[PDB]
Each structure stands twice: as structure tokens, then as C-alpha cells.
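Chemist: got an experimental structure here, sequence first:
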Protein chains: 2
Amino acid sequence: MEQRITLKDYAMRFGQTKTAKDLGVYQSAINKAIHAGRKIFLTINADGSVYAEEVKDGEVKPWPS
Amino acid sequence: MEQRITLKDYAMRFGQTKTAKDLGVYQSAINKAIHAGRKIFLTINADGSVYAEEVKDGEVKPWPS
């Protein structure tokens, strides 16, 4: 089954540094997106590969950009 | 003028590694205090100095000892 977890929750457990590492963006970007309240969720793969998406403008898109 | 923040939150933004460095301590230590729910909080000074204190045994003391 696919497993999803919000960006906030992921950050919460792993901290924003590790999160930044997993997703491959800057910590400033994640703190930014958490503060903004963006609707970002990560889906987790068994290989340990992680990716994020965002619900924005009536659709589900990748995050970032 | 005093700005405080929980070790938890602090570590969450910066990660236990830089936290450890900031307070001068073992990352393992951060780790355990956090898992243990110790009432540790940090105060931030404008020059960039960071210090930790703990509420325990009815007083506010430094951390660690």
C-alpha cells in the first residue's frame, strides 16, 4: 500500500535537516512551507525513496515546483 | 530581551547535530533528553549565544550540569 505522511509530521519526527536531505531542497524552503501552511505531503517507498506533492490550485502537484 | 524555545522545537528546526554543537554537548544527550520528555528549553541571545535550562526539582537550572 502507498503510504503518505504530511510534511509537518515527517519533519516532526526526522527534523527539518534530514527532511531537507530526503527531499533534496534547502531547510529554509521547508521551514517556509511549514510556516506558510502549504498542503505538502510525502509518499514513502519501500526502497526508502521519498517524494512530496502539494495540493494547489485545484490539483495535486509535485513539490517543489 | 529574552527569546525562549523548547529543546524539542529547536532541534526540530536545526536537527540534533547542530543543536548539540550549539549547546556543546553530545548528540546522544539531546537525543535522550528529548526522548525522555525533560523540560529543557533554550534561550537565544542577539549575538548568537544559545544556552539551555531545565525545569526540575522546583527550580529553573542550567543544562546540563
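Modeler: In hand now; what should we look at? Numbers count the residues shown, from 1 in each chain, chains lettered A, B, ... in the order given.

Chemist: where do the strands of chain A begin and end?
Modeler: In chain A, the segments counted as strands under DSSP state E are A:3-6, A:40-44, A:50-56, A:59-63.

Chemist: list the neighbouring strands of the last one plus their orientation.
Modeler: If I follow you right, that is strand A:59-63. Strand A:59-63 pairs in its sheet with strand A:50-56 (antiparallel), by DSSP bridges.

Chemist: how many residues are close by residue A:19?
Modeler: 24 (other Cβ atoms under 10 Å in any protein chain shown). C-betas here are computed from N, CA, C, even on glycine.

Chemist: ok, it touching residue A:10?
Modeler: Yes - using Cβ atoms under 8 Å, residue A:19 is in contact with residue A:10, at 5.8 Å.

Chemist: need the longest helix for chain A.
Modeler: In chain A, assigned by DSSP state H, the helix with the most residues is helix A:7-23.

Chemist: and that one, what does it pack against?
Modeler: Applying 3 or more Cβ pairs under 8 Å, 6 or more residues apart in numbering or on different chains; DSSP states H and E, one finds that helix A:7-23 contacts helix A:27-36, strand A:40-44, strand A:50-56, helix B:7-23.
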